[PDB]
Every structure is written in structure tokens, then in C-alpha cells.
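Here's the structure, in C-alpha cells; my notes come after.
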Amino acid sequence: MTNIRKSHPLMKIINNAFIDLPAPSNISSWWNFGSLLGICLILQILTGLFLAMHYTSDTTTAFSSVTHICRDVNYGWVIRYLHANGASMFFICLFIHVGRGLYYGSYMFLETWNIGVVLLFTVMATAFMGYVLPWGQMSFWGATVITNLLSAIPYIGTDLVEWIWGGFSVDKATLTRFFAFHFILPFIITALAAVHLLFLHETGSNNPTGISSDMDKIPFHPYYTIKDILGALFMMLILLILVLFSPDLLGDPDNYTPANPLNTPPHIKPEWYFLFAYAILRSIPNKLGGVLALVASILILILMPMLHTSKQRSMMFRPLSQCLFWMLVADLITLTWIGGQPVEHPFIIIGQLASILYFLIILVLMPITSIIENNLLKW
Amino acid sequence: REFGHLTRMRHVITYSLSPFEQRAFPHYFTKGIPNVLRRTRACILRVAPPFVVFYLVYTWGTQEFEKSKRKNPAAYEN
Amino acid sequence: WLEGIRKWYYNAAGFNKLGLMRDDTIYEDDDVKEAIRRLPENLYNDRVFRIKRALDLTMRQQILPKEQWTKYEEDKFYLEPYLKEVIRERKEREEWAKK
Amino acid sequence: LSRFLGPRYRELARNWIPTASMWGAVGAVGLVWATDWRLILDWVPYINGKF
Amino acid sequence: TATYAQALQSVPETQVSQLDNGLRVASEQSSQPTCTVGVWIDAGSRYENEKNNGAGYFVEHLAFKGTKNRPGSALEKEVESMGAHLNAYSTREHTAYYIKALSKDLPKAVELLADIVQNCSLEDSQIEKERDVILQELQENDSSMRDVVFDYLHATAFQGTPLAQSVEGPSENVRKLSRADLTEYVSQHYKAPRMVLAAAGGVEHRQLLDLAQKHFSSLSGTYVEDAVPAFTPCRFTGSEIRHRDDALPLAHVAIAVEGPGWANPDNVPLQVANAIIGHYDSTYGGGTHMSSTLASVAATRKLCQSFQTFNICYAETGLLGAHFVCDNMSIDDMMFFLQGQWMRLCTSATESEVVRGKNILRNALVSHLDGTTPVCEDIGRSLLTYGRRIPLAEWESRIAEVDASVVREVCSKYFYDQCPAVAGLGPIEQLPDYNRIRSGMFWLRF
Amino acid sequence: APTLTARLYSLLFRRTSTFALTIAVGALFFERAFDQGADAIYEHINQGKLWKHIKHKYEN
Ligand code: HEM
Ligand code: HEM
């Protein structure tokens, strides 16, 4: 005889992936967010599939269809606001996850990190296309603002922008396309996640110390399953607090006024997750420069493994790098606020300085600080 | 990377009591609280300072924007 | 002067608190892995136990007693000569590859 | 990156430069053909007959 | 303070003279008190048809077993009593008999060689005994995996041509051979114009020429009833012969592409390229640090017990490739690395490795031509194949001409997008299918 | 004497970069040629029906 868990092929894959995977014993709660990201992906897929059963993508019927979901559909409001706030929970977990990777030097797993960057771009595209689907004033005008950024691209420009729009401007074709792309992309994310886990399993999981943990490994199933379940319960606590107690906390009100192409909303701002890139885009006056800066903000992560000059993987034993990292986090918060606020005298200089600081910290300050630390440790 | 052949370790002895024979929350407050204070003391010096700067910036920016909106009496003077 | 700042960093970095030594915290790249496999068995076992104890301490979010912290002077760079030899040999191979 | 600044690597670059140039020519022709880039194609004889 | 050039210039020069019958007498004179005198005959399996295949091996077997002048024991008794060593080697293209002996015994050695070549008894009883012996040795050679694999390589690559035939020949021919056939083989293929008498060591060319005139003059180049054998160019067919015997411990694979003939000037650059590819055996001390990328990888991964590159050349065609013995599960990786090295030499060869290969070839040439046996073998084979003994200085000049560009050009001509011939023996299931091996012969990048 | 196919192999087909150059240029010219020829074939098969044939009678 043999153990079915080991022997059976699908059961073997599941066992190696999740049940008996060798896991570092010291991985902290920061490591729980990846499973929280998977839970968010599953919850978003289910909730959006139940929303899609009641959502029509025609410009005539989209807003009325979301109102039908909220009012007439049984428990439809729960589903709709679960989806809306789950997007925010997803982005919060993604940011904390990438922050953990940066702080603990998890980017040394090159393939996993690059697949994660691809995943981040995919998720952002999914969220942006989804926000347009309710077809509110904010959805329409944010789509118009963001998609018009592609026009800056030299030469191809307007051709690409109109190809995406399906016409001269954002309209019924854009909404239907975005519903289709929004539906399809999360599944592509669900496959990229599997590739991510395969690459990670090749190299294991990094520890908070940053020192190999082959000496101290604990089976995943007894300990980390329960830890992830506790993390999921806490995430449900926060998400359901948003869904029920404060359903409309993270969303702009002006998305409840049906979209009017002839009137701009009082303020046009992206969702909270995208605001940090919006501030960087606004900081640079030239349109193409702004678009390139917005791209580089995410793409600078790819260069992180190359820019690692320290001899220690983690920042746990690197205090100055810790100070720089928390400077970067505060700078990202500042960029979020600047993206929220209008483009006026006080905020403009703040945003320009913040973007300069973000790029400078990632590209210059951190590697030189790591070199200085190496010198201090007699390296 | 199966469990059997992960690494080479020699002459390490580990004793681990079972969950049922041991308390789940041993000295959760008596020892937990002093440990948390130690951890906060070390972390606060590095984590906090950068966020304090943001609060100064947020307060200054909010005040400055309000000052800009307020009327300048000299402009309507004369 | 410089030794004071170097001592400050040694205390600021917590590998002493966990009982580790500086070479224990090095990122295990290929040169470091070759150096580790080149270590004498006594040093290798000492390193493995130190890292295991550090991992266990971090797991429970605890630190070693103050008296048992590593000392800046007492810290010994066991891996530096082997790693230097490994790096030198890699450099020689690269130099032959260049021309 | 200093590893690749030597005479042998220069020789390898010399050996592969013609093939890389041919691959670039393939890419350029493929792009023009796939996108029907009239700016280039209009000069191409007997293809300018289109449009 | 002699230099390699000066030492090459100071090498004793081979002197070639021809008897009226057509025998060519060549000599290299040294101060050594020992000499090697041998007759190299342009006869081999490639000159044999299906019915008489293996006849040359039979004649070589019974060549030293007696002559009309001296019975079977007498010849051995003379050769041993004077302390000489008598040996023969038969190849698909050449047959040789050489005697190692003291310089003072040169006349008796020449007499014995003449008696062996011309007045060979070919007695029937000795014929039967040698038939028994030859069958037993055919059974023995089956054990030698390398010889079996190379015979398979010749069979598949030169299928339908005389070169495919083995030197020993089929067992059926061995049992069916008769004294008439052996006599006919000697008459047709052993001729003065097709023979070279070569000497090395303490041999005076005048003395050798006089002795050859005394003893070898009778031999004639006329063919009875104007029956003259005609040389036939041999087609090279890309093919795969796989004898799968999983019982065998290790797998032998030999892969080759058609190569230059003996006289083709491209032989030198191909030899330099093969030196670049190198040779490896598990006993080799160098292991991982060995310059050859294939050798280093095989040592690091223990891919193969042994791998060697061969440049087998015949008059109009040749087999250029490698032979590697490897585990059942490492054949595919070894093939990948070998073909990768071939394509890398073809496309992106570099000057430093070219210099290393040129020095390796120079040292191999100089070392091989050491001692009376190797020097005499070189003289005879060069006269038969090149029509002349290429001096070491000429070899050095041709090697110096070789550059990375020349190596790339020749390796592209012979190795790139050319259908290979593959022979496999043993646990060869992992050996790639012929389509995959052929695909390995070209790079999509290039 | 090299044949036409042997000349093609040596000049273009041997090195895959020239092989792809042949493929792409032939693709461009074959698109042109085949589209022209098949359009002519269909127009001949339906001569006098297609609007293009009869557009003149009603334009201007
Ligand atoms: C996988 C990650 C996903 C993310 C990050 C995401 C994000 C979003 C966001 C931000 C919205 C707009 C929220 C609002 O109503 O104001 C939305 C709407 C929507 N999403 Fe999701 N979504 C995801 C997956 C899916 C999937 C797989 C489906 C499959 C049908 C789906 C279906 C929908 C539908 C129908 C709407 C419009 C209904 C409504 O406005 O309430 N979503 N999505
Ligand atoms: C839907 C998107 C994503 C999912 C579902 C996901 C899932 C996971 C999971 C389950 C792990 C196992 C470790 C852990 O749980 O923390 C992990 C690890 C990791 N992920 Fe992804 N992730 C996503 C996006 C990203 C992104 C955006 C990045 C970087 C830009 C990234 C980089 C990494 C890295 C570096 C690790 C190594 C963790 C370690 O060192 O143990 N991932 N991810």
C-alpha cells in the first residue's frame, strides 16, 4: 500500500503545495498576506460572478442594473459592497505584500518577484476596468482621464487610444469591452498565481531574519494552515466592517450620479489604490513624461533585485535601511494624499518633492546606505 | 525540496511538549506585556520618525491651502 | 572614532541579540554556499545551531538574555577567509574567460 | 558587467553582430508587413499598388 | 637555445626512392641503434568485394605462419633469435607489416619482409587453423563495445559501399574462404606500385635501396589478364543504427558527419576544432577545470565515463565526429552538449580556443612521430595517402595559418545543417531520435 | 553546377536569419500577389454584378 496523499497525482500536487510543504517556522504575520490575497481573489471571483448574473453592460442599463442589484436582488447589496470593498482589501494586501518582499529581501527570488509584478499590473487593470462598469459619473470621467494618457505615446498614440475606446470617446463599446476584460482577467491572475507558487516552491519561503531556514522547517499543514485561517478571519472582520458598518467609506459619492458626458464631476480622482500613481503622473508636466513616470513607479520593482547592494538579505539587521524603507512608506502615503487633493500651489510642490523622493530612495539612497552598512560591518 | 534531504544538521536535540499537556496561553499578559513594550521601544525609534514628518506635512499643507483660499485684503484695498 | 560608530551599528543590528555572528547573517549566494560547504565541521555545526536558535527565538518573538548576546570584539569572522578564497577563484575564472 | 568587457566577448559580439542585424531586419520587415506601415511600404515597388 | 622552428628545420628529412618495378623506398635516418622496417601495402577491406571480404585479414593472419623459403617455425625463429619484433596491422584502407630490430640486422629484416610479402605459402592446413582462430576472434571482438560501435558507424554511414565492410569480414565469408581466394587477393592487391618499404632509425637510404633491389625487385605491378582493380568513391548516407541491448552496462554512441579526404587541406582546421572540443575520460585528473566545455560539464555532472573526438579520413571521404560512453539516462544531455559545442565552433568560435587547439595539434603531431615504429608508420602511410611525407615544418605552417575565421568556415562547411550518422549500442533508449539529432545540427538563432 | 534549389539553400535557407528574411519578403509579395489574383478571379466570376462594375452608371 501507499499513502493516497503522496501517491495520487492531484493529491500529490496538493500535498506538496499546501499540506507538507517545508515552511520556515519564523515567518511572521506579514507572510500571511499572500494567502489573504488568494482568499481575496476567490471572494472577488465569486462575488463578481454573482453580480454578473444581474449586471447588464449596455450603457442604457448598467447603472439601473447596479441599482437593481442593490435594491431588488435578495442580499444583492451585500454582494455588491463585498465586491467593492474586497477590491480595496485586495490592494491593501498587495501593498503590504510587496512591502514585506522589499523589507525582507524576498525579491532575491527573481522569477517569483517578476511574476508578482506582472500580477500587480494585471490586478490594477482589472480594478480600473471594473470601476467603469457601474457607469457612474466618476467611472466615466476617470476612464476618460486615464485612457487619454495613452494618447501621449508618440506616433501610435491616438490610434491605440481609439482602439481601446472602440470609438472617438469612452462609450457603450468601452463599457462592454471593459466588462469582458474585467471578467476574463481575474482567471488569468488565478493562473499567474499558480506559476508564482511553483516558482516560490522551487526556492522555498524567505524568513524574517533573511537567513536560510533549511535547518528549522515545520510542516505547513498543522501550523500555517491555522495561522492563515486566523488571518482570513481577521481580514473578514475588517472587510465586513467596511461592507456593513461603513459600506461607502472608501468610495467617492459622485459615482451614484449616472454618468453625464456633457458635465464633468466636481473632482476627478482615481480609486484610493491608484492615487499614488496619479500624484506622480500629475507631478511631471509633460504628458509623455507623466505616463512614463506612472509606468516606472510600478516597474522600478523589477530593478529591486539588481539594486540590492547589501550583504544581508533582510532589513531586520539593517537599521538605516529600515529608516529608508519607512521613509519610502511615508512617501507613498504622501503621494496618496496628494493624488486625493487638487492640483494647486501647496500640493503641487509637495507632490513633485514626494515623487522625486520615492524614485531617489528606491534608486540611489538605499543602495548607497546598504554599501555604508556593509562598510560599517567591516565588509 | 522534500522534507528528508533539506540540509545537513548534526548534534541538535529538541524537546517539545504536546499541545494537550501544555497551556495554550502561558503567561499571555504577565510575560506578553513586557515583551511587547520591549519590541515597541526598539521599533518606534525607526518606524515613527518618518510618519511624524508626514503629519507635519499634512498639517502644513492643509493650513497653507486654507490660507491661499482666504481673501487677501490688500488686493481689494484701494 | 570609526570603531565607535562600528560598535554602534553592531548593537543597532540585532544579530548579536539573537546570539548570531556577523557571518551567520550573510546572504547565501553561490559563493557563500561554496564557502559554507568548505567550512570545517565544527564551525559548520556551530553555525547551524546558532541559526536554528536565532530562528526559534524570532519565532516566539523573544531575544536572548543580555549576558548571552554576542560581543563586538568576540565576534569571529569564520567564513571570511573561505569566502574570500571562493571569490578570488571565481575572479580568476572570469579573468580567463574574458581573454 | 565588467565580466563582459574583454577581448573574447568583443570577438563574440563581432561574430554575432551580423546575425543580430539580420534578426533586426526580419523584425522591421515583419512590423511593416503586419501593420501595413504605409510610410515604409509606399516606397516598396509593386506593393505601393495597394492603397 | 633551439626554437621550435629551428628544431623543425633540423628534423632529419625523409628520402624517397623508387625501384623500377614501382616499389617506393623511403627512409629517415637517426643515430638510434634500432630501426623499424616495414612494408605498407595499399590493400584493405575497401578494396574487397562481398565474396572476398575478410580475405586481407586472413592473409595477414597466415602471413607470418610460413613461406616457401622458410617453414612456419623458421620465420619466427629467425625474427626472435635476432631479437626483432614482427607485427602487422590491417585497416579498411591499408595493410602493413613492420619488423622492429637492431640497425645491424637490417638486411635480414628486409629479407624476411620480402619473403613474407612475396613468397607466402598460404598452406591449406594453416588456412583451416587460421579459420578457426579468426572465427574465435570475431567472437571476441563482439565484447569490445568501441570497435563494434565504430563498425556500426561505418556500416550505416557508408552503406552500400565497400567502406562499410569490416576488416575482419562476415563469419560466413571466413568459413567459406579458400586458398584460391587468398592467392587471388595477394595477386590482385599486393603489387609493387601499391607498396612502400619504409625505414626509420639507424638506416642508410642507400643500404635500404640496395637491399630492396636485391630482394623486392622480383615483385611486379602487372595485373594478370589486364584485370586492374578500380578505386570507387564511396557515398556517405545520413543514417542511424541502434542495437538496443539494455543488458549492457553502459551505452556507446558514435556520431559523425562526412569529412575531408586525406589530401584535403581542410583536415588541419578540423583537427584544430576537434582539439577544441577535446577528449574526456573519467580517469582524467583535470575534471571540472578542463578547458573543454563538454569535458568540464561531463566531469561536473558525471555525464559520461568517456568521450573522444575522432577524425577518421579515407582517400575520398572521412568520418568526423565523437564517441561517448555514458549512462543510460545521460545520453540525451551528452548529445545536446556535443552538438552545442559543434554549433558553437561553427558560429561563434574565438581566437583563444583556436590557439589552444593549434598548440594541442602541434604537440600531438610532434609526440606521435617519436620512435622508429611511429616514424616508419608515418612515412609509409604518408607515402600511400599524401604521396609524400609532409614535413613537420609544413604541418606547423598549415597549423599557424589556422585562425578563428578558418575554424568557423570549415566547421560550418562540415558540421552545420549536415545530416549526421549515428550508431548506438547498449541502453540507448534515451538516445534522441534522428529527427531531433538532425535538428541539433543547426541553431535557430543563427 | 549548382541547381536553383541549391543556390537558394546556400544563399538564403542555410542561416535561419536569411531564411526568415526570405519568409518575410515573400510574405509581403505573396500577400500582394495572391490578393490581387484572387480578387481578379472573383471579379471575373461575378463580372457585371459587383457594385464596382456598375458604379459608373449611377455616379456623377
Ligand atoms: C479578481 C479581482 C477583481 C477585482 C480587483 C475587481 C474589482 C472591481 C471593482 C473595483 C469594481 C467596481 C466596484 C463598484 O461597484 O463601485 C468591480 C465591479 C464589478 N466586477 Fe469585480 N473585480 C474582480 C473580479 C471580478 C470577476 C472575476 C468578475 C466576474 C464576473 C467581476 C465582476 C464584476 C461586475 C459584474 C462588476 C459590476 C457590478 C457592480 O458595479 O457592482 N469582478 N470589480
Ligand atoms: C494576486 C496576486 C498575488 C498573489 C495571489 C500572491 C500570492 C503569494 C503567496 C501565497 C505567496 C506565499 C508567501 C506568502 O504567503 O507570503 C507569495 C509569495 C511571494 N510573492 Fe506573490 N502574490 C501576488 C502578488 C505578488 C506581487 C505583486 C509581488 C511583487 C511585486 C509578489 C512577490 C512575491 C514574493 C517576493 C514572494 C516571496 C515570499 C517569501 O519570501 O516567502 N507577489 N505570493
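If you're wondering about the labels, chains in the C-alpha cells are A, B, ... by order shown, residues count from 1 in each chain, ligands from 1 in order shown.
Selection of all polymer residues within 6 Å of ligand 1 on the basis of only C-alpha atoms and all ligand atoms gives residues 41, 44, 45, 48, 49, 51, 52, 55, 66, 80, 84, 87, 123, 126, 127, 130, 131, 133, 134, 183 and 186 of chain A.
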Can you work out which residues from chain D touch chain E at a cut-off of 12 Å (counting only C-alpha atoms) and hand them back as a compact mmCIF listing (two decimals) with N, CA, C and O atoms, in the first residue's frame?
```
# COMPACT_ATOMS: atom_id res chain seq x y z
N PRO D 7 38.37 41.08 -24.51
CA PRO D 7 38.60 40.82 -25.94
C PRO D 7 37.78 39.66 -26.48
O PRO D 7 37.26 39.74 -27.60
N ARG D 8 37.65 38.57 -25.72
CA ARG D 8 36.87 37.44 -26.22
C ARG D 8 35.40 37.81 -26.37
O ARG D 8 34.75 37.42 -27.35
N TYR D 9 34.85 38.56 -25.41
CA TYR D 9 33.46 39.00 -25.54
C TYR D 9 33.29 39.97 -26.69
O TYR D 9 32.26 39.96 -27.38
N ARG D 10 34.29 40.82 -26.94
CA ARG D 10 34.25 41.66 -28.14
C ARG D 10 34.22 40.80 -29.40
O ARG D 10 33.49 41.10 -30.35
N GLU D 11 35.00 39.72 -29.42
CA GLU D 11 35.00 38.82 -30.56
C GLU D 11 33.64 38.16 -30.75
O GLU D 11 33.15 38.03 -31.87
N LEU D 12 33.02 37.73 -29.65
CA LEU D 12 31.69 37.15 -29.73
C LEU D 12 30.68 38.16 -30.27
O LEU D 12 29.82 37.81 -31.08
N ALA D 13 30.78 39.40 -29.81
CA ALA D 13 29.91 40.45 -30.32
C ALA D 13 30.11 40.65 -31.82
O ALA D 13 29.15 40.80 -32.57
N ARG D 14 31.37 40.65 -32.26
CA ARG D 14 31.64 40.77 -33.69
C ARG D 14 31.03 39.60 -34.46
O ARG D 14 30.44 39.79 -35.53
N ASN D 15 31.18 38.38 -33.94
CA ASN D 15 30.65 37.21 -34.62
C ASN D 15 29.14 37.27 -34.74
O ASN D 15 28.57 36.93 -35.78
N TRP D 16 28.46 37.71 -33.68
CA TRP D 16 27.01 37.68 -33.66
C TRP D 16 26.36 38.96 -34.18
O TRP D 16 25.14 38.97 -34.35
N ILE D 17 27.13 40.01 -34.43
CA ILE D 17 26.53 41.26 -34.91
C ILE D 17 25.83 41.08 -36.25
O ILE D 17 24.71 41.58 -36.41
N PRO D 18 26.41 40.40 -37.24
CA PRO D 18 25.67 40.20 -38.50
C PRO D 18 24.37 39.45 -38.31
O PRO D 18 23.35 39.83 -38.90
N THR D 19 24.37 38.38 -37.51
CA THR D 19 23.14 37.63 -37.27
C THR D 19 22.11 38.47 -36.53
O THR D 19 20.92 38.42 -36.82
N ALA D 20 22.57 39.26 -35.55
CA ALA D 20 21.65 40.17 -34.86
C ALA D 20 21.09 41.20 -35.82
O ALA D 20 19.91 41.55 -35.74
N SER D 21 21.92 41.71 -36.73
CA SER D 21 21.42 42.64 -37.74
C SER D 21 20.38 41.99 -38.64
O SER D 21 19.38 42.61 -39.00
N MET D 22 20.61 40.73 -39.02
CA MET D 22 19.63 40.02 -39.84
C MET D 22 18.32 39.84 -39.08
O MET D 22 17.23 39.97 -39.65
N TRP D 23 18.41 39.52 -37.78
CA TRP D 23 17.20 39.39 -36.98
C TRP D 23 16.47 40.73 -36.86
O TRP D 23 15.23 40.77 -36.88
```
Hey, which bits of chain F sit within 8 Å of chain E, and for each residue what's the closest pair of atoms and how far apart in Å (one decimal), counting only C-alpha atoms, rows by chain and increasing number, as a tab-separated table?
```
residue	atom	partner	partner_atom	distance
F:14	CA	E:417	CA	7.3
F:15	CA	E:446	CA	5.8
F:16	CA	E:446	CA	5.7
F:17	CA	E:446	CA	6.3
```
DSSP helix (DSSP H, G or I) residues within stretch 117-273 of chain A, listed as JSON, numbers by chain: {"A": [117, 118, 119, 120, 121, 122, 123, 124, 125, 126, 127, 128, 129, 130, 131, 132, 137, 138, 139, 140, 141, 142, 143, 144, 145, 146, 147, 148, 149, 150, 151, 152, 157, 158, 159, 160, 161, 162, 163, 164, 165, 172, 173, 174, 175, 176, 177, 178, 179, 180, 181, 182, 183, 184, 185, 186, 187, 188, 189, 190, 191, 192, 193, 194, 195, 196, 197, 198, 199, 200, 201, 202, 203, 220, 221, 222, 223, 224, 225, 226, 227, 228, 229, 230, 231, 232, 233, 234, 235, 236, 237, 238, 239, 240, 241, 242, 243, 244, 245, 253, 254, 255, 256, 272, 273]}
Residue hits in chain C, query chain B, radius 10 Å, only C-alpha atoms, as a PyMOL selection string: chain C and resi 12+41-42+44-49+52+61-63
Selection near residue E:312, 12 Å with only C-alpha atoms, sequence-local residues under 4 positions removed, as a ChimeraX atom specification: /E:91-93,150,153-154,256-262,267,270-271,274,316-323
Would you export the selected residues with N, CA and C atoms as a compact mmCIF listing (two decimals), in the first residue's frame, please?
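Result file out.txt:
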```txt
# COMPACT_ATOMS: atom_id res chain seq x y z
N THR E 91 43.91 -2.26 -41.94
CA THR E 91 42.82 -1.31 -41.85
C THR E 91 42.00 -1.39 -43.12
N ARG E 92 40.87 -0.68 -43.12
CA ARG E 92 40.00 -0.69 -44.29
C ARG E 92 40.71 -0.18 -45.53
N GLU E 93 41.75 0.63 -45.36
CA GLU E 93 42.43 1.23 -46.49
C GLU E 93 43.90 0.84 -46.62
N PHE E 150 32.12 1.49 -33.78
CA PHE E 150 32.73 2.11 -34.95
C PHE E 150 32.43 1.32 -36.22
N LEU E 153 29.07 2.34 -37.17
CA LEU E 153 29.14 3.67 -37.76
C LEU E 153 29.55 3.60 -39.22
N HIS E 154 30.58 2.80 -39.51
CA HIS E 154 31.00 2.63 -40.90
C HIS E 154 29.89 1.98 -41.73
N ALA E 256 28.92 10.99 -36.39
CA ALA E 256 29.90 11.56 -37.31
C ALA E 256 29.18 12.23 -38.46
N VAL E 257 29.90 13.16 -39.10
CA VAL E 257 29.49 13.75 -40.36
C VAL E 257 30.59 13.47 -41.36
N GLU E 258 30.24 13.54 -42.64
CA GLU E 258 31.23 13.28 -43.67
C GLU E 258 32.34 14.31 -43.57
N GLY E 259 33.58 13.85 -43.74
CA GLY E 259 34.73 14.69 -43.56
C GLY E 259 35.60 14.72 -44.79
N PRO E 260 36.69 15.47 -44.73
CA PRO E 260 37.60 15.55 -45.88
C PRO E 260 38.33 14.24 -46.09
N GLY E 261 38.89 14.10 -47.29
CA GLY E 261 39.80 13.01 -47.57
C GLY E 261 41.16 13.27 -46.97
N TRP E 262 42.08 12.35 -47.21
CA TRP E 262 43.42 12.52 -46.68
C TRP E 262 44.07 13.79 -47.21
N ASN E 267 41.74 19.36 -43.50
CA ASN E 267 41.93 18.43 -42.39
C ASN E 267 42.54 19.13 -41.18
N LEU E 270 39.97 21.29 -39.17
CA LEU E 270 39.04 20.38 -38.50
C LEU E 270 39.71 19.69 -37.32
N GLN E 271 40.98 19.33 -37.46
CA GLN E 271 41.71 18.76 -36.34
C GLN E 271 41.85 19.76 -35.20
N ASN E 274 38.45 19.88 -33.50
CA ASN E 274 38.25 18.70 -32.67
C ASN E 274 39.10 18.77 -31.41
N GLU E 316 38.83 9.52 -50.24
CA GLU E 316 37.86 10.47 -50.76
C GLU E 316 36.80 10.89 -49.76
N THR E 317 36.67 10.19 -48.63
CA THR E 317 35.68 10.54 -47.62
C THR E 317 36.27 10.29 -46.24
N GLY E 318 35.57 10.76 -45.21
CA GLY E 318 36.02 10.54 -43.85
C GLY E 318 34.89 10.68 -42.86
N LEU E 319 35.12 10.15 -41.67
CA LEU E 319 34.15 10.22 -40.59
C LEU E 319 34.67 11.19 -39.53
N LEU E 320 33.95 12.30 -39.36
CA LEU E 320 34.32 13.34 -38.41
C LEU E 320 33.23 13.44 -37.36
N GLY E 321 33.59 13.24 -36.09
CA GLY E 321 32.59 13.24 -35.04
C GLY E 321 33.19 12.86 -33.70
N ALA E 322 32.36 12.25 -32.85
CA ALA E 322 32.75 11.92 -31.49
C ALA E 322 32.15 10.59 -31.07
N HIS E 323 32.81 9.95 -30.11
CA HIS E 323 32.33 8.73 -29.47
C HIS E 323 32.29 8.94 -27.96
```
With only C-alpha atoms counted and 12 Å as the cut-off, give the residues of chain C in contact with chain D, each with its shortest interatomic distance in Å and the pair that gives it, as CSV.
```
residue,atom,partner,partner_atom,distance
C:90,CA,D:3,CA,10.9
C:91,CA,D:3,CA,9.1
C:92,CA,D:3,CA,11.0
C:93,CA,D:3,CA,10.3
C:94,CA,D:3,CA,6.5
C:95,CA,D:3,CA,7.6
C:96,CA,D:8,CA,9.7
C:97,CA,D:8,CA,7.5
C:98,CA,D:6,CA,4.7
C:99,CA,D:8,CA,5.1
```
Write a file of the just-selected residues containing C-alpha atoms, as a PDB file, in the first residue's frame.
```
ATOM      1  CA  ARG C  90      35.705  32.989  -9.298  1.00  0.00           C
ATOM      2  CA  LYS C  91      37.558  36.158 -10.289  1.00  0.00           C
ATOM      3  CA  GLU C  92      40.384  34.101 -11.785  1.00  0.00           C
ATOM      4  CA  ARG C  93      37.938  32.012 -13.813  1.00  0.00           C
ATOM      5  CA  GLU C  94      36.199  35.164 -15.053  1.00  0.00           C
ATOM      6  CA  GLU C  95      39.551  36.699 -15.969  1.00  0.00           C
ATOM      7  CA  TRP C  96      40.479  33.660 -18.035  1.00  0.00           C
ATOM      8  CA  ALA C  97      37.040  33.826 -19.660  1.00  0.00           C
ATOM      9  CA  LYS C  98      37.494  37.497 -20.566  1.00  0.00           C
ATOM     10  CA  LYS C  99      40.525  36.827 -22.773  1.00  0.00           C
TER      11      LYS C  99
END
```
Residue list for chain B near chain A as a VMD selection string, 6 Å, only C-alpha atoms: chain B and resid 6 to 7 46 to 47 50 to 51 61 65
Saved selection, atoms kept: N, CA, C and O atoms, as a PDB file, in the first residue's frame:
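What landed in out.pdb:
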```pdb
ATOM      1  N   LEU B   6      16.575  18.195   3.146  1.00  0.00           N
ATOM      2  CA  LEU B   6      16.671  19.648   3.060  1.00  0.00           C
ATOM      3  C   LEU B   6      18.097  20.133   3.279  1.00  0.00           C
ATOM      4  O   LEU B   6      18.653  20.859   2.449  1.00  0.00           O
ATOM      5  N   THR B   7      18.709  19.741   4.393  1.00  0.00           N
ATOM      6  CA  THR B   7      20.011  20.270   4.767  1.00  0.00           C
ATOM      7  C   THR B   7      20.725  19.250   5.639  1.00  0.00           C
ATOM      8  O   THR B   7      20.179  18.196   5.976  1.00  0.00           O
ATOM      9  N   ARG B  46      12.630  53.814  14.773  1.00  0.00           N
ATOM     10  CA  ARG B  46      12.819  53.795  13.329  1.00  0.00           C
ATOM     11  C   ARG B  46      11.518  53.993  12.560  1.00  0.00           C
ATOM     12  O   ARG B  46      11.476  54.766  11.599  1.00  0.00           O
ATOM     13  N   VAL B  47      10.451  53.308  12.967  1.00  0.00           N
ATOM     14  CA  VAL B  47       9.197  53.383  12.229  1.00  0.00           C
ATOM     15  C   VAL B  47       8.569  54.763  12.363  1.00  0.00           C
ATOM     16  O   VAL B  47       8.117  55.352  11.375  1.00  0.00           O
ATOM     17  N   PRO B  50       9.662  58.814  10.455  1.00  0.00           N
ATOM     18  CA  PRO B  50       9.191  59.143   9.099  1.00  0.00           C
ATOM     19  C   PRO B  50       7.717  59.501   9.042  1.00  0.00           C
ATOM     20  O   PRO B  50       7.336  60.405   8.292  1.00  0.00           O
ATOM     21  N   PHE B  51       6.869  58.814   9.811  1.00  0.00           N
ATOM     22  CA  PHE B  51       5.443  59.119   9.783  1.00  0.00           C
ATOM     23  C   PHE B  51       5.146  60.453  10.458  1.00  0.00           C
ATOM     24  O   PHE B  51       4.200  61.152  10.076  1.00  0.00           O
ATOM     25  N   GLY B  61       0.372  71.502   4.808  1.00  0.00           N
ATOM     26  CA  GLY B  61      -0.287  71.627   3.520  1.00  0.00           C
ATOM     27  C   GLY B  61      -1.746  72.014   3.648  1.00  0.00           C
ATOM     28  O   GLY B  61      -2.245  72.856   2.898  1.00  0.00           O
ATOM     29  N   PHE B  65      -3.135  75.558   2.193  1.00  0.00           N
ATOM     30  CA  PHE B  65      -4.201  75.596   1.198  1.00  0.00           C
ATOM     31  C   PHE B  65      -5.361  76.462   1.670  1.00  0.00           C
ATOM     32  O   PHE B  65      -5.948  77.212   0.882  1.00  0.00           O
TER      33      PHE B  65
END
```
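Take the candidates D:1, D:25, D:39, D:44 and check each one against residue F:29 using only C-alpha atoms; the shortest distance goes to D:44.
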Two-atom distance - atom CA of residue E:432, atom CA of residue E:339 (Å): 11.9 Å
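Across the structure, atom CA of residue A:239 and atom CA of residue A:222 are spaced 26.2 Å apart.
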Please determine the contact residues of chain F with respect to chain D at a cut-off of 8 Å, counting only C-alpha atoms, and supply them as an mmCIF file with C-alpha atoms, in the first residue's frame.
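Printed below is result.cif as written:
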```
data_model
loop_
_atom_site.group_PDB
_atom_site.id
_atom_site.type_symbol
_atom_site.label_atom_id
_atom_site.label_comp_id
_atom_site.auth_asym_id
_atom_site.auth_seq_id
_atom_site.Cartn_x
_atom_site.Cartn_y
_atom_site.Cartn_z
ATOM 1 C CA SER F 17 18.176 34.764 -40.304
ATOM 2 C CA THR F 18 18.321 34.822 -44.104
ATOM 3 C CA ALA F 20 13.331 34.415 -42.103
ATOM 4 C CA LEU F 21 14.219 37.328 -44.378
ATOM 5 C CA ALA F 24 9.016 37.816 -44.611
ATOM 6 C CA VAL F 25 9.746 39.390 -48.004
ATOM 7 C CA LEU F 28 4.755 40.708 -48.271
ATOM 8 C CA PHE F 29 4.949 39.999 -52.004
ATOM 9 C CA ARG F 32 0.135 41.425 -52.691
#
```
